[PDB]
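Notes to accompany the following structure.
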Amino acid sequence: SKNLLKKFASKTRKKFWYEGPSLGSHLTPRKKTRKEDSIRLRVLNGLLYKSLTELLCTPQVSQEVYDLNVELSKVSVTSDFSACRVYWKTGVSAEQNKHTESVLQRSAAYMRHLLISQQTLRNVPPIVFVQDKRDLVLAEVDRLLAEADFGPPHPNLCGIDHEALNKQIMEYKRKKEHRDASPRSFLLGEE
Amino acid sequence: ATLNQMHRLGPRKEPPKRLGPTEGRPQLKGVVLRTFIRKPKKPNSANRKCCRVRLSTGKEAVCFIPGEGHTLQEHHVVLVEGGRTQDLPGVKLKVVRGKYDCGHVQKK
Amino acid sequence: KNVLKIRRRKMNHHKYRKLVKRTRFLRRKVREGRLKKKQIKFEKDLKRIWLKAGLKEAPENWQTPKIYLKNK
Amino acid sequence: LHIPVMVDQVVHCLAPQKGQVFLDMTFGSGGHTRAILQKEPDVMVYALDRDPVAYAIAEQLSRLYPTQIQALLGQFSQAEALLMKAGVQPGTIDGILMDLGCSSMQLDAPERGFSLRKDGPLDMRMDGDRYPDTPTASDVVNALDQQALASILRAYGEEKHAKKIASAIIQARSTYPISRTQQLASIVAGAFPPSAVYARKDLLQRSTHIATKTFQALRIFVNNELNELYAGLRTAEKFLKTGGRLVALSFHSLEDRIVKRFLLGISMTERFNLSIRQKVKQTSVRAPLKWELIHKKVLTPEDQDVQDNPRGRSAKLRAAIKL
RNA sequence: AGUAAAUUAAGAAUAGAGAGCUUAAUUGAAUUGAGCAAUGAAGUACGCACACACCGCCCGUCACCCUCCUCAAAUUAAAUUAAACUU
RNA sequence: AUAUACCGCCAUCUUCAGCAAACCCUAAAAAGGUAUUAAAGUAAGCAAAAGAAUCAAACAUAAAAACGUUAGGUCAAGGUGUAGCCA
RNA sequence: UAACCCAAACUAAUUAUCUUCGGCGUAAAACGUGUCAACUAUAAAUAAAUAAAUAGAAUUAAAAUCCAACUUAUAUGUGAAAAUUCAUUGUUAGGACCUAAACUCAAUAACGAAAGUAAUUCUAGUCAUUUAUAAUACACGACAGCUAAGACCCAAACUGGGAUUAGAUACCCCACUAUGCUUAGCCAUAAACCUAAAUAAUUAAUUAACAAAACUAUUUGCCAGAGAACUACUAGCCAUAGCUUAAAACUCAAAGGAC
Ligand SMILES: Nc1ncnc2c1ncn2[C@@H]1O[C@H](CSCC[C@H](N)C(=O)O)[C@@H](O)[C@H]1O
Ligand SMILES: [K+]
Ligand SMILES: [K+]
Ligand SMILES: [K+]
Ligand SMILES: [Mg+2]
Ligand SMILES: [Mg+2]
Ligand SMILES: [Mg+2]
Ligand SMILES: [Mg+2]
Ligand SMILES: [Mg+2]
Ligand SMILES: [Mg+2]
Ligand SMILES: [Mg+2]
Ligand SMILES: [Mg+2]
Ligand SMILES: [Mg+2]
Ligand SMILES: [Mg+2]
Ligand SMILES: [Mg+2]
Ligand SMILES: [Mg+2]
Ligand SMILES: [Mg+2]
Ligand SMILES: [Mg+2]
Ligand SMILES: [Mg+2]
């Protein structure tokens with residue numbers, strides 16, 4: 001009789017859904033921007049964010065990776081869908097991050113297998129693990145700072161050039177001291 | 001509406017035809033009281049010649065004087081007719097040229 | 001679907017409410033006097049009835065009720 | 001007569017006491033200076049003004065207190081030299097009172113040209129015969145072009161209608177010289193229809209003339225009060241004792257901004273946004289504050305009092321201690 | 001990048017007249033991102049009461065003249081009635 | 001006199017990528033017309049590209065750059081429409 | 001100047017002749033809700049049968065508040081500040097309170113005429129008129145508001161204080177009222193909007209657009225260019241700066257809906 005979902009069913013149907021049995025060219029393993037592509041890539045980034053967190057903090061990948069307990073900063077797939085860029089949260093310790101980077105990357109192939117096997121995502125492209133460049137720079141600006149040595153222990157204000165205006169005044173003081181488209185032509189015979 | 005509702009109400013009620021400046025009469029005779037200029041509402045630009053008159057009914061109205069040039073003055077007698085002046089708001093009467101004191105436009 | 005027709009009514013009601021606020025005291029005196037005339041008209045209409053019927057005085061024990069005054 | 005406005009707030013804020021040296025950079029009529037010398041008869045005070053008439057008033061009033069008041073004549077920029085000629089006697093000044101605006105005597109007297117309501121010459125120059133070559137408002141209006149003249153009205157008078165008002169002055173001066181205060185007022189009031197002559201109601205809920213902004217603009221430009229004020233506050237800080245209390249009164253926003261920005265470490269140089277994407281919030285500073293603001297909180301005089309002195313309605317009292 | 005910079009020569013037009021112009025040659029660098037917070041452009045999505053196209057459109061208080069209407073203290077003005085019954 | 005009647009010769013976005021014409025399609029079309037593992041678009045012109053120039057070769061530089069935008073500039077290069085002067 | 005129309009007429013003004021089987025999601029138009037009559041239509045013999053209707057009583061988990069012990073020197077607050085505050089702050093498996101409001105469940109779609117209703121328990125309780133169709137009657141009706149007596153954790157018009165600004169009677173910060181709560185009564189208004197009256201059929205012999213596919217029949221209500229106008233006057237009302245009912249003059253040649 002009264003359905004709360006009716007209010008927003010038609011609005012969310014153009015924002016979060018497209019019609020027709022068409023899959024994108026990118027989504028294949030091997031142009032003009034479309035709205036369906038934005039939907040087809042937004043949902044994958046959410047599924048992979050949900051599904052790639054069910055591997056890092058779960059025991060399937062490995063015992064060391066399970067112990068790593070890697071939370072993820074964000075997941076973002078390329079528009080071409082050639083590969084993925086799984087950003088991961090990066091602790092302050094640079095050395096540990098370097099080791100964690102290598103560990104995750106080695107299991108990238110197996111992690112993909114785990115998702116593809118479970119059937120959450122049928123055709124997942126190769127995965128990558130990247131460190132946020134912002135985080136790396138902030139760490140580097142701290143490393144170099146520690147290494148670094150600090151050594152041994154009026155008219156223009158208001159906006160009117162009062163001086164120039166005074167000269168202009170003193171200088172002045174020195175001087176002081178729809179019709180042709182009708183059928184008329186056709187109906188007369190002027191051809 | 002249903003056939004029962006059309007029966008209970010019958011034909012549509014017709015608002016009465018309210019009268020205009022001439023009060024449902026072809027013409028009225030009036031005495032000029034003042035002669036002045038009225039400005040046409042934009043987008044038009046002119047100094048339209050009008051006059052106030054006291055009609056035979058006893059009311060006073062503003063009447064447009066057509067033609068290029070009139071000799072009307074106060075206390076003159078004129079025969080007014082209907083017809084609004086489209087640019088002049090409120091001017092719903094016009095003077096008849098060639099009747100009583102008002103005369104035909106002098107041809108150039 | 002714009003709200004333009006709602007905005008015209010919005011301004012009319014706003015301006016009308018401020019007009020009533022300015023002349024609130026005047027409106028009060030108009031009403032008290034309109035009710036008094038409303039009461040006199042009611043009494044006279046009741047006097048017309050018994051006088052037309054032929055009575056020279058109102059029915060015994062009858063006093064016209066004051067129905068428009070601040071009785072409630 | 002004009003009572004010194006908000007003097008009680010200044011007097012309490014200054015707390016004049018024996019053995020303290022004070023300065024007044026705007027003696028003018030001397031009402032404020034006399035109030036400081038009444039609370040404490042043993043206080044030491046120095047006076048200054050740009051008007052030679054005002055300086056004479058101080059010299060005449062110096063008889064009342066032979067050494068407690070020291071009279072000086074000059075601008076804010078020339079104040080440092082005048083106090084330097086005296087020597088180090090001002091030295092660590094406990095308080096510098098920098099009241100702003102036109103003197104009661106200056107604007108009450110029609111001859112000085114400050115009053116548009118009265119008919120006088122268009123002098124509008126606080127400086128008297130001390131400098132006879134200082135251009136008056138008559139010279140400013142008759143010389144500057146629309147571009148220059150409009151900027152004076154827009155920048156110093158906060159004139160909303162700057163191009164129309166400026167053009168009327170340029171046309172009027174060509175027809176006849178603009179030499180009288182009322183002549184200029186009519187010229188400014190002629191750029192608009194007759195309805196706008198006296199229409200601009202103020203926050204006071206009292207109507208005012210349409211050329212009040214032109215007189216304020218010319219008043220500040222002829223006397224370059226704003227630029228000279230920038231140097232007066234800087235020289236007060238240099239001459240202000242550590243822990244000394246500064247007190248200023250700002251009757252319009254332009255002077256208030258310099259006093260408001262100065263006492264909070266902000267700079268008048270700061271560029272201006274113009275009502276598009278202003279970052280009031282972001283949806284820092286080179287150094288910290290250099291003052292202990294006894295009364296960062298500002299206020300105008302009481303509205304009842306304002307009726308008695310409408311000139312002082314917009315008086316904002318800004319008090320601070322040197323750090 | 002043989003660029004900038006520096007330093008030369010010639011030419012046009014003149015009787016003569018440039019610190020200007022056109023052209024040729026010589027010597028000969030530094031630097032180019034872990035780019036897009038902003039500015040501008042392009043693309044995609046969305047909004048629009050704009051189409052003179054945001055330097056757009058647009059709403060109220062205030063101000064004269066003119067049109068119509070309402071209320072209201074009182075005053076007066078005309079209007080408008082209907083019969084009751086005795087002998 | 002009028003570059004707001006124009007030709008002529010140019011500036012500008014511009015070394016920007018579009019312009020115009022003939023067709024075809026739409027449960028009507030004010031317009032729009034793409035998917036390559038292809039779903040209504042197609043076959044030709046101008047520009048671009050190519051080519052030529054700087055006398056090997058490349059690169060580079062020049063030149064080239066449509067249709068429009070700014071009633072952009074020029075009646076004083078010359079010519080010319082309209083109006084005006086002719087002791 | 002030449003053409004055109006009418007013609008002993010011709011043109012102007014005034015007046016009259018044409019009059020409901022059309023509509024009601026978005027353009028005017030389904031009433032805030034339900035019940036009882038009389039007609040006009042219809043024709044079946046049921047209903048209800050523990051998910052949050054409603055009313056009463058009892059009850060309480062979390063988080064606050066107050067009190068106490070101990071305790072930092074600050075606490076609070078913003079984009080950044082200021083004011084405010086140290087009578088504060090943090091902890092308490094300490095005491096009191098039962099004020100106020102009911103996370104998850106709820107990705108559910110139930111109950112009720114609508115309004116509205118979801119912490120737990122118990123008591124009372126929804127149900128059969130064939131069906132549609134009702135006002136001048138009766139009973140209801142969010143929030144805000146009024147009246148009297150209480151409550152008071154938190155929130156908060158107004159107000160005061162602080163910022164911002166050309167100004168800032170605002171947006172932001174802090175404090176604190178009316179008020180939101182209970183018990184009696186009033187008030188009767190919502191974009192009371194699924195912007196869909198109810199009921200019974202049909203899905204094909206059917207694209208104005210958009211929304212929510214089209215469409216027939218029955219009954220009532222409602223609409224008739226826009227503004228003036230949720231207005232003036234009238235009548236009723238516990239309403240008194242109120243609600244319902246609801247015009248005309250005058251102005252305009254459009255207003256309005258969808259794309
Ligand atoms: N730049 C400047 N230098 C010095 N004095 C100035 C000045 N600008 C304004 N003044 C003067 O300062 C005074 C300000 S108004 C008068 C206030 C004074 N305290 C009194 O009691 O009268 C006037 O006398 C004015 O002429
Ligand atoms: K016209
Ligand atoms: K040309
Ligand atoms: K709704
Ligand atoms: Mg209105
Ligand atoms: Mg030469
Ligand atoms: Mg041109
Ligand atoms: Mg080419
Ligand atoms: Mg031009
Ligand atoms: Mg020529
Ligand atoms: Mg020329
Ligand atoms: Mg409607
Ligand atoms: Mg405040
Ligand atoms: Mg309270
Ligand atoms: Mg209603
Ligand atoms: Mg509701
Ligand atoms: Mg209402
Ligand atoms: Mg009403
Ligand atoms: Mg009424």
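Quick note on naming: the chains in the structure tokens go A, B, ... in the order shown, residues restart at 1 in each chain, and ligands are numbered from 1 in order of appearance.
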
Notebook entry, point to check: Would you name the residues within 10 Å of ligand 7, counting only C-alpha atoms (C1' of nucleotides) and all ligand atoms, and put them as an MDAnalysis selection string?
Noted result: chainID F and resid 3:4 70:74

How would the residues just picked look written out with N, CA, C and O atoms (P, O5', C5', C4', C3', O3' and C1' of nucleotides) as a PDB file, in the first residue's frame?
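After the write, out11.pdb holds the following:
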```
ATOM      1  P     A F   3      31.351  54.729 -39.618  1.00  0.00           P
ATOM      2  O5'   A F   3      31.439  53.429 -40.533  1.00  0.00           O
ATOM      3  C5'   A F   3      32.537  53.214 -41.412  1.00  0.00           C
ATOM      4  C4'   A F   3      32.803  51.741 -41.604  1.00  0.00           C
ATOM      5  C3'   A F   3      33.525  51.048 -40.446  1.00  0.00           C
ATOM      6  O3'   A F   3      33.061  49.702 -40.331  1.00  0.00           O
ATOM      7  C1'   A F   3      34.790  50.806 -42.413  1.00  0.00           C
ATOM      8  P     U F   4      32.294  49.196 -39.013  1.00  0.00           P
ATOM      9  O5'   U F   4      30.756  49.450 -39.344  1.00  0.00           O
ATOM     10  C5'   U F   4      30.183  48.957 -40.552  1.00  0.00           C
ATOM     11  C4'   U F   4      28.866  49.624 -40.866  1.00  0.00           C
ATOM     12  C3'   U F   4      28.876  51.149 -40.801  1.00  0.00           C
ATOM     13  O3'   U F   4      27.994  51.678 -41.790  1.00  0.00           O
ATOM     14  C1'   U F   4      27.301  50.306 -39.259  1.00  0.00           C
ATOM     15  P     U F  70      30.303  38.424 -33.378  1.00  0.00           P
ATOM     16  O5'   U F  70      31.346  39.524 -32.894  1.00  0.00           O
ATOM     17  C5'   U F  70      31.727  39.613 -31.531  1.00  0.00           C
ATOM     18  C4'   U F  70      32.968  40.449 -31.364  1.00  0.00           C
ATOM     19  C3'   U F  70      33.009  41.736 -32.172  1.00  0.00           C
ATOM     20  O3'   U F  70      32.297  42.797 -31.556  1.00  0.00           O
ATOM     21  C1'   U F  70      35.058  40.579 -32.418  1.00  0.00           C
ATOM     22  P     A F  71      30.808  43.168 -32.037  1.00  0.00           P
ATOM     23  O5'   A F  71      30.936  43.325 -33.615  1.00  0.00           O
ATOM     24  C5'   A F  71      29.788  43.557 -34.427  1.00  0.00           C
ATOM     25  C4'   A F  71      30.179  43.984 -35.819  1.00  0.00           C
ATOM     26  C3'   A F  71      30.885  45.337 -35.903  1.00  0.00           C
ATOM     27  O3'   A F  71      31.877  45.299 -36.925  1.00  0.00           O
ATOM     28  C1'   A F  71      28.957  45.379 -37.247  1.00  0.00           C
ATOM     29  P     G F  72      33.356  45.845 -36.630  1.00  0.00           P
ATOM     30  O5'   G F  72      33.925  44.838 -35.532  1.00  0.00           O
ATOM     31  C5'   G F  72      34.332  45.293 -34.251  1.00  0.00           C
ATOM     32  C4'   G F  72      35.833  45.283 -34.121  1.00  0.00           C
ATOM     33  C3'   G F  72      36.580  46.233 -35.044  1.00  0.00           C
ATOM     34  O3'   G F  72      36.631  47.555 -34.534  1.00  0.00           O
ATOM     35  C1'   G F  72      37.575  44.090 -35.143  1.00  0.00           C
ATOM     36  P     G F  73      36.597  48.816 -35.527  1.00  0.00           P
ATOM     37  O5'   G F  73      37.955  48.689 -36.346  1.00  0.00           O
ATOM     38  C5'   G F  73      39.208  48.813 -35.694  1.00  0.00           C
ATOM     39  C4'   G F  73      40.335  48.923 -36.684  1.00  0.00           C
ATOM     40  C3'   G F  73      40.044  49.738 -37.930  1.00  0.00           C
ATOM     41  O3'   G F  73      40.115  51.136 -37.711  1.00  0.00           O
ATOM     42  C1'   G F  73      41.109  47.723 -38.542  1.00  0.00           C
ATOM     43  P     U F  74      39.089  52.120 -38.459  1.00  0.00           P
ATOM     44  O5'   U F  74      39.715  52.285 -39.913  1.00  0.00           O
ATOM     45  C5'   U F  74      41.045  52.749 -40.077  1.00  0.00           C
ATOM     46  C4'   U F  74      41.629  52.327 -41.400  1.00  0.00           C
ATOM     47  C3'   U F  74      40.874  52.777 -42.639  1.00  0.00           C
ATOM     48  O3'   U F  74      41.148  54.120 -42.991  1.00  0.00           O
ATOM     49  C1'   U F  74      41.449  50.493 -42.846  1.00  0.00           C
TER      50        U F  74
END
```

Next item on the list: Once DSSP has gone over the backbone, tell me which residues of segment 7-127 of chain A are in helix (DSSP H, G or I), as a PyMOL selection string.
Entry: chain A and resi 7-9+12-15+35-51+53-56+63-68+94-106+108-118

Could you turn the residues from that selection into a file that holds C-alpha atoms, as a PDB file, in the first residue's frame?
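Written output follows (part34.pdb):
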```pdb
ATOM      1  CA  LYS A   7      10.361   7.497  -3.092  1.00  0.00           C
ATOM      2  CA  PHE A   8      13.962   6.778  -4.131  1.00  0.00           C
ATOM      3  CA  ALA A   9      13.619   3.748  -6.423  1.00  0.00           C
ATOM      4  CA  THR A  12      18.805   5.453  -7.704  1.00  0.00           C
ATOM      5  CA  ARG A  13      17.941   3.638 -10.953  1.00  0.00           C
ATOM      6  CA  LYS A  14      19.811   6.133 -13.152  1.00  0.00           C
ATOM      7  CA  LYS A  15      22.644   6.840 -10.706  1.00  0.00           C
ATOM      8  CA  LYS A  35      27.894   6.578 -17.720  1.00  0.00           C
ATOM      9  CA  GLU A  36      27.627   2.778 -17.614  1.00  0.00           C
ATOM     10  CA  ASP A  37      31.423   2.574 -17.370  1.00  0.00           C
ATOM     11  CA  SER A  38      31.353   4.782 -14.270  1.00  0.00           C
ATOM     12  CA  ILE A  39      28.862   2.332 -12.756  1.00  0.00           C
ATOM     13  CA  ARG A  40      30.754  -0.738 -13.999  1.00  0.00           C
ATOM     14  CA  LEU A  41      33.994   0.549 -12.426  1.00  0.00           C
ATOM     15  CA  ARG A  42      32.469   1.966  -9.232  1.00  0.00           C
ATOM     16  CA  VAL A  43      30.926  -1.366  -8.220  1.00  0.00           C
ATOM     17  CA  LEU A  44      34.124  -3.302  -8.936  1.00  0.00           C
ATOM     18  CA  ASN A  45      36.138  -0.934  -6.740  1.00  0.00           C
ATOM     19  CA  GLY A  46      33.691  -1.551  -3.899  1.00  0.00           C
ATOM     20  CA  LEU A  47      33.581  -5.311  -4.365  1.00  0.00           C
ATOM     21  CA  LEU A  48      37.375  -5.501  -4.527  1.00  0.00           C
ATOM     22  CA  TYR A  49      37.632  -3.229  -1.484  1.00  0.00           C
ATOM     23  CA  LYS A  50      35.207  -5.539   0.326  1.00  0.00           C
ATOM     24  CA  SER A  51      36.732  -8.732  -1.087  1.00  0.00           C
ATOM     25  CA  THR A  53      39.864  -6.980   2.874  1.00  0.00           C
ATOM     26  CA  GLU A  54      38.473 -10.516   3.281  1.00  0.00           C
ATOM     27  CA  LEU A  55      41.942 -11.800   2.328  1.00  0.00           C
ATOM     28  CA  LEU A  56      44.399  -9.546   4.170  1.00  0.00           C
ATOM     29  CA  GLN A  63      50.154 -17.201   7.897  1.00  0.00           C
ATOM     30  CA  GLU A  64      52.536 -14.243   7.657  1.00  0.00           C
ATOM     31  CA  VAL A  65      50.063 -12.245   5.565  1.00  0.00           C
ATOM     32  CA  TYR A  66      47.316 -13.128   8.040  1.00  0.00           C
ATOM     33  CA  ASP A  67      49.583 -11.896  10.839  1.00  0.00           C
ATOM     34  CA  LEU A  68      50.362  -8.760   8.821  1.00  0.00           C
ATOM     35  CA  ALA A  94      59.570   3.078   6.721  1.00  0.00           C
ATOM     36  CA  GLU A  95      61.590  -0.120   7.162  1.00  0.00           C
ATOM     37  CA  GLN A  96      58.561  -2.201   8.151  1.00  0.00           C
ATOM     38  CA  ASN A  97      56.582  -0.750   5.241  1.00  0.00           C
ATOM     39  CA  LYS A  98      59.332  -1.850   2.851  1.00  0.00           C
ATOM     40  CA  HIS A  99      59.149  -5.411   4.181  1.00  0.00           C
ATOM     41  CA  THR A 100      55.341  -5.381   4.143  1.00  0.00           C
ATOM     42  CA  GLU A 101      55.390  -4.135   0.545  1.00  0.00           C
ATOM     43  CA  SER A 102      57.472  -7.114  -0.582  1.00  0.00           C
ATOM     44  CA  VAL A 103      55.367  -9.624   1.371  1.00  0.00           C
ATOM     45  CA  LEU A 104      52.024  -8.478  -0.044  1.00  0.00           C
ATOM     46  CA  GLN A 105      53.382  -8.286  -3.592  1.00  0.00           C
ATOM     47  CA  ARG A 106      54.602 -11.896  -3.532  1.00  0.00           C
ATOM     48  CA  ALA A 108      49.383 -10.914  -5.224  1.00  0.00           C
ATOM     49  CA  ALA A 109      48.878 -13.847  -7.598  1.00  0.00           C
ATOM     50  CA  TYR A 110      47.490 -16.108  -4.870  1.00  0.00           C
ATOM     51  CA  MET A 111      45.190 -13.388  -3.512  1.00  0.00           C
ATOM     52  CA  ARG A 112      43.686 -12.992  -6.985  1.00  0.00           C
ATOM     53  CA  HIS A 113      43.172 -16.759  -7.151  1.00  0.00           C
ATOM     54  CA  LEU A 114      41.323 -16.687  -3.823  1.00  0.00           C
ATOM     55  CA  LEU A 115      38.785 -14.126  -5.050  1.00  0.00           C
ATOM     56  CA  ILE A 116      38.419 -15.738  -8.484  1.00  0.00           C
ATOM     57  CA  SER A 117      37.949 -19.155  -6.874  1.00  0.00           C
ATOM     58  CA  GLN A 118      35.297 -18.030  -4.378  1.00  0.00           C
TER      59      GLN A 118
END
```

Note to self: Env of residue 84 of chain E: 12 Å cut, atoms = only C-alpha atoms (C1' of nucleotides), seq-sep filter 4 positions within chain, self excluded. Answer as a list in words.
What the structure shows: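 Result of the neighbour search: residues 51, 52, 53, 54, 55 and 56 of chain C.
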
Check: Within 8 Å of residue 44 of chain D, counting only C-alpha atoms (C1' of nucleotides), which residues qualify if same-chain residues fewer than 4 places away don't, as a VMD selection string?
Finding: chain D and resid 18 to 22 67 to 69

Next item on the list: Up to 10 Å from chain C, what residues of chain E turn up? Count only C-alpha atoms (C1' of nucleotides) and give them as an MDAnalysis selection string.
Entry: chainID E and resid 49 59:60 71:72 82:84

Could you save those same residues with C-alpha atoms (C1' of nucleotides) as a PDB file, in the first residue's frame?
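Listed below is the output, result-v4.pdb:
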```
ATOM      1  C1'   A E  49      13.013  30.434 -12.748  1.00  0.00           C
ATOM      2  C1'   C E  59      12.469  39.818  -4.238  1.00  0.00           C
ATOM      3  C1'   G E  60      11.009  43.336  -0.277  1.00  0.00           C
ATOM      4  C1'   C E  71     -12.943  50.079   6.783  1.00  0.00           C
ATOM      5  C1'   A E  72     -14.785  53.759  10.040  1.00  0.00           C
ATOM      6  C1'   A E  82     -47.899  46.151   7.108  1.00  0.00           C
ATOM      7  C1'   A E  83     -51.822  45.025   9.299  1.00  0.00           C
ATOM      8  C1'   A E  84     -54.723  45.273  14.763  1.00  0.00           C
TER       9        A E  84
END
```

Next item on the list: With a distance cut-off of 12 Å and only C-alpha atoms (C1' of nucleotides), select the neighbouring residues of residue 108 of chain G, excluding the residue or stretch itself and same-chain residues fewer than 4 positions from it, and output the selection as a list in words.
Entry: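 Here the answer would be residues 4 of chain A; 51, 52 and 118 of chain G.
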
Produce a file of the selected residues containing N, CA, C and O atoms (P, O5', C5', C4', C3', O3' and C1' of nucleotides), as a PDB file, in the first residue's frame.
```
ATOM      1  N   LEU A   4       8.057   2.866   1.399  1.00  0.00           N
ATOM      2  CA  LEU A   4       9.079   3.894   1.557  1.00  0.00           C
ATOM      3  C   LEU A   4      10.091   3.856   0.420  1.00  0.00           C
ATOM      4  O   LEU A   4      10.619   4.902   0.024  1.00  0.00           O
TER       5      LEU A   4
ATOM      6  P     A G  51       0.719 -10.694  14.393  1.00  0.00           P
ATOM      7  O5'   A G  51       1.884  -9.669  14.748  1.00  0.00           O
ATOM      8  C5'   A G  51       2.961 -10.051  15.596  1.00  0.00           C
ATOM      9  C4'   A G  51       4.222  -9.291  15.268  1.00  0.00           C
ATOM     10  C3'   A G  51       4.056  -7.777  15.165  1.00  0.00           C
ATOM     11  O3'   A G  51       5.252  -7.136  15.603  1.00  0.00           O
ATOM     12  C1'   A G  51       4.814  -8.621  13.101  1.00  0.00           C
ATOM     13  P     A G  52       5.363  -6.554  17.094  1.00  0.00           P
ATOM     14  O5'   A G  52       5.210  -4.984  16.892  1.00  0.00           O
ATOM     15  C5'   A G  52       4.965  -4.122  17.991  1.00  0.00           C
ATOM     16  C4'   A G  52       4.618  -2.736  17.522  1.00  0.00           C
ATOM     17  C3'   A G  52       3.404  -2.632  16.616  1.00  0.00           C
ATOM     18  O3'   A G  52       2.185  -2.631  17.339  1.00  0.00           O
ATOM     19  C1'   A G  52       5.188  -1.377  15.699  1.00  0.00           C
ATOM     20  P     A G 118       6.328   4.121  18.751  1.00  0.00           P
ATOM     21  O5'   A G 118       6.732   2.705  18.143  1.00  0.00           O
ATOM     22  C5'   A G 118       6.303   1.502  18.759  1.00  0.00           C
ATOM     23  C4'   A G 118       7.212   0.340  18.436  1.00  0.00           C
ATOM     24  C3'   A G 118       8.667   0.477  18.846  1.00  0.00           C
ATOM     25  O3'   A G 118       8.858   0.184  20.218  1.00  0.00           O
ATOM     26  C1'   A G 118       8.486  -0.502  16.675  1.00  0.00           C
TER      27        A G 118
END
```

Check: Hey, which residues come within 10 Å of ligand 14 if we count only C-alpha atoms (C1' of nucleotides) and all ligand atoms? Could you give them as a PyMOL selection string?
Finding: chain G and resi 152+155-156+176-180

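Residues in contact with residue 34 of chain C at 12 Å, where only C-alpha atoms (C1' of nucleotides) are counted and same-chain residues fewer than 4 positions away are skipped, are listed as residues 27, 28, 29, 30, 38, 39, 40, 41, 68 and 69 of chain C; 71 and 72 of chain E; 233 and 234 of chain G.
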
Item checked: Nearby residues (only C-alpha atoms (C1' of nucleotides)) at most 12 Å from residue 80 of chain F, same-chain spacing under 3 positions excluded, as JSON, numbers by chain -> {"F": [5, 6, 7, 8, 75]}

Next item on the list: Can you tell me which residues come within 10 Å of ligand 18 when counting only C-alpha atoms (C1' of nucleotides) and all ligand atoms, ideally as number ranges by chain?
Entry: C: 16; G: 230-232, 242-246

Note to self: Let me see if you get this right: every residue at most 10 Å from ligand 6, counting only C-alpha atoms (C1' of nucleotides) and all ligand atoms, written as a list in words.
What the structure shows: residues 13, 14, 16, 17, 18 and 20 of chain E

Next item on the list: Please write out the residues within 10 Å of ligand 8 as JSON, numbers by chain, counting only C-alpha atoms (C1' of nucleotides) and all ligand atoms.
Entry: {"F": [15, 47, 48, 49, 50, 51, 63, 64, 65]}

Notebook entry, point to check: Got a sec to check which residues lie within 9 Å of ligand 10, using only C-alpha atoms (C1' of nucleotides) and all ligand atoms, and send them as a PyMOL selection string?
Noted result: chain F and resi 75-76+78-79

Next item on the list: Could you pull out the residues sitting within 9 Å of ligand 4, using only C-alpha atoms (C1' of nucleotides) and all ligand atoms, and write them as number ranges by chain?
Entry: A: 7; G: 191, 193-195

Margin query: If I take atom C1' of residue 256 of chain G and atom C1' of residue 27 of chain G, how far is one from the other in Å, to one decimal?
Written below: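 If I compute the distance from atom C1' of residue 256 of chain G to atom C1' of residue 27 of chain G, I get 5.4 Å.
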